[PDB]
Structures are given as structure tokens and as C-alpha cells.
């Protein structure tokens, strides 16, 4: 197994996947690494199983259809993975915890949002459809762009949004377009 956490790339108290060589801190894995279960399979492994059980799940889909899906166990897991993929980028640190807004010439957003809030919402089963999760994720970056205006710090929102959007297309197998 790996000697660093797959998500944050640090050593520490790691849990090892029994079916691939990745390792995780307890609360870096999403969902949090489970108390018992030997063997244990990580979310990358669980997602791969879904695809292997239903190869056709990788044919192209329309985003509008994906968003209306009910959050049954497999959609729940896909959203958890997609969230985890964003945390894997170091620039997610800027969006992880609750922000605040006091900048000359700008007003804070109407509806602040951050990754740990989305994490809790997923954990507490607050989303009924994929759309709920995706809207909150996009809002994070949209709020950032709107607040930081012409400061070059706005680019961090663009960068992390691109990570989100690419992984969304991949995980939910959105039909490739030009």
C-alpha cells in the first residue's frame, strides 16, 4: 500500500485499501473510513465495481438526465467520489471551510457555500437528487468569481471549478461534445 494519503498526500494514521494500493486518513476518505469491515474497499474500488457490473453505464449521458436522478445508493456514492476528487487538489483548501466577506468594493454572496458544508449535507442525506449536490458545488465557485471580480485570485475559482467539471463528466459519463 501507499505510505501517503491519496487525498492530501501526507503521512499519518492511514487506513489501507484491501483491493488497491491506496491509503487514507480517516476523514479524508468520503464517506469516513468505516469502523470494522475486513476486507475494506475504498471509494475508488467501489466506483470501479459499479462500472464493471454495468459496462453500459459508461455510454454517454445528457447532463439534464443525470441531474434529475434520485440520490439512490449508487448516485450517492458517485457524488461522494466527485467531492473527494475535488478535495484531492491542493487548491481545494481555499473552498473547504466557511468563508467570510469584507472587501472594499464587493458585497458577500446571498448564499455562501463551501466544501465541508457539502460534505455534511451528503453525510446527512440532505440531497434528494444529483441536481442538489451539483448546484451547491457550482455555487461555491460562482460565489468566488462574483466576489473577487478582477482580482487575479478569481482564477482559483476557475481552476477548482475545472477540476470539478472534468471529474463530473468522467464519473457520470456525460456524452462527449465540442
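Positions refer to the first chain, counted from 1.
- Of the two segments, 17 to 25 and 163 to 171, the one listed with the higher mean B-factor is 17 to 25 (C-alpha atoms only).
- Taking the PDB entry as given, 32 to 40 carries the higher mean Cα B factor of the two stretches 136 to 144 and 32 to 40.
- If you compare the C-alpha temperature factors of 48, 69, 61, 152 in the entry, 48 comes out highest.
- For residue 111, the recorded CA B-factor ranks within the middle third of the chain. Only modelled residues enter the ranking.
- For residue 54, the recorded CA temperature factor ranks within the highest third of the chain's modelled residues.
- In the PDB entry, residue 74 places in the middle third of its chain by CA B-factor.
- When all modelled residues of the chain are sorted by CA temperature factor, residue 104 is found within the highest third.
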